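Each protein sequence line maps, in turn, to chains A and B. For the first sequence, the entry's author numbering assigns the number 529 to the initial residue and increments by one for each residue that follows. For the second sequence, the entry's author numbering assigns the number 917 to the initial residue and increments by one for each residue that follows. Positions of the beta carbon are idealized from the N, C-alpha and C atoms, including for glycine.
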Amino acid sequence: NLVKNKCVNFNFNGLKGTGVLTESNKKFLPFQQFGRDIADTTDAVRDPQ
Amino acid sequence: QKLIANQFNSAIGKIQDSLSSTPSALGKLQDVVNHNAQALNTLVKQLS
């Protein structure tokens, strides 16, 4: 898995989506994987690898 | 004239202090902004 700076269809963990993946500084907890915002929509994801 | 000018100047300065004070009277302007923001939030949350 990998893709940078491209509007793509991501299927992480079997969840459909489409967007641009970029670097982030969201300090996830050791167990936290996903990410969300005030708009109850996905905002971040953890690399499975 | 001098007394009236002094009174007007003092009244204007008190106006500045009244607005600069904490109890903001701009609730009429704030209600519209709050209503639009909350309406948009409900509409965007309705998708769930």
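Give me whichever residues DSSP pairs with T570 of chain A in a beta bridge.
-> A:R564
Cβ of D575 of chain A less than 7 Å from any chain B Cβ?
-> no
Do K555 of chain A and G563 of chain A have their C-beta atoms within less than 7 Å of each other?
-> no
Under 8 Å between beta-carbons, which chain A residues line up against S964 of chain B? List them in chain order, please.
-> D568
Taking DSSP as the reference, what is the three-state secondary structure of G547 of chain A?
-> strand
Host alpha helix (DSSP H) of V948 of chain B (start-end) = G943 to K961
Do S940 of chain B and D568 of chain A have their CB atoms nearer than 7 Å?
-> no
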